[PDB]
Amino acid sequence: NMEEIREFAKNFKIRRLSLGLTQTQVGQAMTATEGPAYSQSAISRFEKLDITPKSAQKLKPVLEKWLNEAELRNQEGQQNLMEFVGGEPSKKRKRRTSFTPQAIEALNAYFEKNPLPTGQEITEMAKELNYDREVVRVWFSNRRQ
Amino acid sequence: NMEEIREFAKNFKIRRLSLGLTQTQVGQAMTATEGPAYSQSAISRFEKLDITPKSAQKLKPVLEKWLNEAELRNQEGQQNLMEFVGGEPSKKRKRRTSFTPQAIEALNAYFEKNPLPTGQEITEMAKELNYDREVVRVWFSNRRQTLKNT
DNA sequence: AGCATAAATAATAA
DNA sequence: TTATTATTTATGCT
């Protein structure tokens with residue numbers, strides 16, 4: 001169901017700009033309550049429609065829902081938008097790779113509670129540790145073996 | 001008269017956005033150009049409301065006499081909207097350069113060394129490096145404005 | 001199954 | 001005004 005979608009992508013960018021919003025902001029609000037599928041790059045790609053049809057179809061409903069909720073918060077006070085968004089999580093910093101004792105301590109705590117992580121669990125762990133994903137997944141791989 | 005120009009502020013930006021237009025196009029096209037010129041910075045400041053209300057009120061008019069003038073007389077055959085702007089505009093985005101790792105170290109080597117170089121020594125680096133100056137100017141620009149995070 | 005960054009644009013300085 | 005710096009997008013990556 002195609003040109004349906006393209007129109008949504010269209011309206012979305014519009015409505016977004018109308019609530020005076022950056023992809024980055026949405027990115028943050030979204031990834032919080034939804035998931036990593038909702039990063040700023042993702043928003044850009046969606047809006048530009050640089051995704052596969054299977055992917056758009058999936059995203060659309062979840063964008064629409066959220067876009068509405070946001071528009072509601074905007075209604076009561078253009079500072080309730082802010083409540084709903086973030087409104088300024090900001091420290092986009094590079095993912096560490098070199099280990100620190102605090103890091104290895106953390107990794108081990110995770111291990112006692114989860115020796116055989118699924119790959120999703122590995123991305124989740126790495127994100128919150130702010131470590132390279134490969135660094136984390138290999139640590140776990142060896143630790144078992 | 002404040003909201004009269006504070007709301008034309010807010011709305012002007014979004015009308016310009018919702019026409020896929022850069023500030024730097026607005027001023028660039030709407031520039032007289034035999035006086036008064038209109039720079040991007042103007043447009044920016046205007047939008048963000050960084051001007052004296054006294055000069056705000058001055059600009060506000062000539063804005064509408066272009067914004068409205070181009071919203072209709074541009075949108076009705078967009079091959080013509082893009083001629084409301086003119087200046088042989090429509091060009092395709094620059095392709096995202098991918099640097100050879102050989103050259104990748106070359107940079108941050110000379111970067112760990114000299115953080116904010118000069119246009120003279122920059123084009124020197126670029127020359128011997130087989131990469132075009134602007135691209136190279138920006139690697140530093142970027143790497144400089146990125147390491148604040150980490 | 002999104003990070004890292006290169007380019008573009010917008011803000012701010014001169 | 002111009003020149004620069006900072007934010008924001010877009011895109012290479014299997």
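What you see below is based on every heavy atom in this structure, not just the backbone, and it leaves out hydrogens, waters and symmetry mates. Quick note on labels: first sequence line is chain A, next is B, and so on, each numbered from 1.
Residues meeting the side-chain hydrogen bond (donor to acceptor under 3.5 Å, both in side chains) test with A/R16, sequence neighbours left out: A/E47. In terms of the salt bridge (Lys or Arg N to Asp or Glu O under 4.0 Å) criterion, B/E34 has no residue partners (sequence neighbours excluded). Not counting sequence neighbours, the partners of B/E7 by the side-chain hydrogen bond (donor to acceptor under 3.5 Å, both in side chains) test are B/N11. Considering only residues two or more places apart in sequence or on other chains, A/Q25 meets the side-chain hydrogen bond (donor to acceptor under 3.5 Å, both in side chains) condition with A/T22. For B/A29, the side chain to side chain contact (heavy atoms under 4.5 Å, CB included) partners are B/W66, B/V85, not counting sequence neighbours.
Regarding contacts with the backbone of D/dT9, a side-chain N or O of A/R16 is found under 4.0 angstrom from either OP1 or OP2. For the OP1/OP2 pair of D/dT9 and a distance below 4.0 Å, the side-chain nitrogens and oxygens of A/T24 include at least one atom meeting the criterion. Taking 4.0 angstrom as the limit, B/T97 places a side-chain polar atom (N or O) nearer than this to OP1 or OP2 of C/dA7. Contact annotation: A/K127 reaches the phosphate of C/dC3 (side-chain N/O to OP1 or OP2, under 4.0 Å).
B/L21 places its CG atom 9 Å from the P atom of C/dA10, with the value rounded to the nearest Å. Whole-Å rounding puts the B/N149 CG to D/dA6 P distance at 12 Å. Per the geometry, CD belonging to B/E47 stands 9 Å off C1' belonging to C/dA10, to the nearest Å. Between B/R93 atom CZ and D/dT9 atom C1' the separation is 7 Å, expressed in whole Å. Atom CZ in B/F12 sits roughly 11 Å away from atom P in C/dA10 (whole-Å rounding). Atom CZ of A/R96 and atom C1' of C/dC3 are 18 Å apart (whole Å). When rounded to the nearest whole Å, the span between CZ of B/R95 and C1' of C/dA8 equals 16 Å. Atom P of nucleotide D/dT7 and atom NZ of A/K91 are separated by 14 Å, given to the nearest angstrom.
Nearest nucleotide to the side chain of B/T22, out of C/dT9, C/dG2, C/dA11: C/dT9. The side chain of A/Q23 has D/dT9 as its nearest neighbour among C/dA7, D/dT9, C/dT9. Of the candidates C/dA6, C/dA4, C/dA7, the closest approach to any side-chain atom of B/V135 belongs to C/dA7.
To the nearest 0.5 Å, atoms CZ (B/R45) and CD (B/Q23) are separated by 12.0 Å.
A donor-acceptor pair shorter than 3.5 Å can be found between the side chains of A/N80 and A/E83.
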Close N/O contacts between protein and nucleotides 12-14 of chain C (under 3.5 Å):
{"unit_1": "C/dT12", "atom_1": "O4", "unit_2": "B/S41", "atom_2": "OG", "d": "2.8"}

